[PDB]
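What follows is one chain in C-alpha cells, specifically the form deposited in one PDB entry.
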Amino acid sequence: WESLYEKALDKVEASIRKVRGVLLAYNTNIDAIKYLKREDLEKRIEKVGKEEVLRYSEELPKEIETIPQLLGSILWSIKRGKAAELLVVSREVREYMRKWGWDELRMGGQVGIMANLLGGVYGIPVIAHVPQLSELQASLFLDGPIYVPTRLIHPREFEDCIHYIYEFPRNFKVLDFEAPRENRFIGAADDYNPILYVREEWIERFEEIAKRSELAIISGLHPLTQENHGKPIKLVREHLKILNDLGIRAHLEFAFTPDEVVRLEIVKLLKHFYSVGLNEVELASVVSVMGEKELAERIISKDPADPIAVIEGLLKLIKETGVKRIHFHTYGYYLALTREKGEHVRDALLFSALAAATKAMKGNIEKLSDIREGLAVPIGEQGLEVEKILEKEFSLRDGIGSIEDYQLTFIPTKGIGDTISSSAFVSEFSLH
C-alpha cells in the first residue's frame, strides 16, 4: 500500500489544480475564541447576579436573551464538561459579548473553511457563498483564488456573524464548580446560518454563478429544524437541479443532523446529489432514520466499524437515492462505492487519507507539499484487518472490486471529515 500511497500523492500533487472552480455554498461565519479565566468570569457573574446565573447553569435556556442567561449557559457547560450552543437573540447581550471580546479569531462554517483549504492551499478557484461579508469576515480568508460573486472578486475587495466559543480546560474552576472535561460553550450571534440563509443574488441568478464552477460542495444543512427547513430545502433542491443540468457534480458531507425529520428529507435530497461522504456515526444516524435500526447499531457497535455492516448500510442508501458516489470514512479505513470507474477513485481516497494524517500530526495543512509528510506514517493495524475481511467477501485487487454495477474501493488509513471527503471528491475529478 505504501507504494500506491506515494504514486497517488504524486499524481494529485500535479493534477489537483486542473479543477476549474469549486462552488461552496451557504454557511460561512466568524469564530471568536475566548479562553476563560476564573477571576474574570466570577467577577462578571457577581455583577449580573450569582443567583440568576446559577439557575441557568442547572437548566440550559432555549436561547440567550440576557447576560445572566449567557453566563449561566457557560457555567452549564463547565460543571458538566459538555459542549452546548445557543443563539444570542438580544442586541444587548451581543454588545456585551462584543465588549468582552476574544483571544483569537478563526474562519467558521464549512464554506469558509473549505475555501481556505481548496483555494488557499490546493490553489483551486473557489466561488463562495457568504451570508454576511463584513470586513472582519473577509479578513479570515487566506490569499489565493478565493472569490465571491457580485464578476468575481476577492472577499477583501467586497454585519459580523460571530460565534463566541468560550473554551475551558479540564478541571477549570469557577465558583464552587470544576470542569470534568475540556470543552466549550458557544454563543452564536448569528441569525443567518441557522436557517441556511441564501444571499438574494444566489436566489435570483444561481445559474450564472454556477456556470463559473466545475464542481460544487454544499454544506450547512445539519442545523435545520422541522420549523425552518421548508424554504431552504426548496432552494437547495432548485440549485441542485440547475447544477445537474449543467453537468456540475455536487457533493455533501452528511454531517449529523439532530432533527430527525430534516435528516430523512436530506437523505431523499441525495437523489439530486452526485456525491455524499460520511463516517460511521453519520451513516448509523442515516440508516436508523431509514428504518434500519438493526443495521444502525451494528454499524457503530464494533471498532473498527464492521465493514460488512457499513456496506449493507451503504447499499440501502444507494437503493433509496441512486446517489452515484459514496465516500465512507472512519478511523482505520475508507470505502467508496461509485458508478464512475477506474483507479482514479483510489488515487483520490489515498490522497485524502494523507491529508487527514497530515492535519492530524501537524494540526493544520498550510501547503499542498506538506501532505507528503503523511507518507512516512505507518499503515494502521486495523486497516489491514478490515482488508482481510473484504478480500473474503469480495474479489478485491489492490483495494478495488465491485457490487451491483458500483465499483468498490478500499483503502487502509494511516480530517474533520470535511477535509477528507472534500479532498477526495475534488482530487478524484481533477484526474478525470
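By rigid core we mean the largest C-alpha set that fits within 1.5 Å across both forms. Numbering starts at 1 and follows the sequence shown.
There is another form of the same protein, the form deposited in another entry; it is not shown, and what comes next is about it.
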Legend entry - Answer among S77, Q110, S213, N279 for the CA shift between the shown form and the other one that reaches 2 Å or more, rigid core superposed: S77
Legend entry - Large Cα move at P258 between the shown form and the other one, threshold 2 Å, rigid core: no
Legend entry - C-alpha of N171 off by 2 Å or more between the shown form and the other one on rigid core: yes
Legend entry - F328 C-alpha shift between the shown form and the other one of 2 Å or more, rigid core reference: no
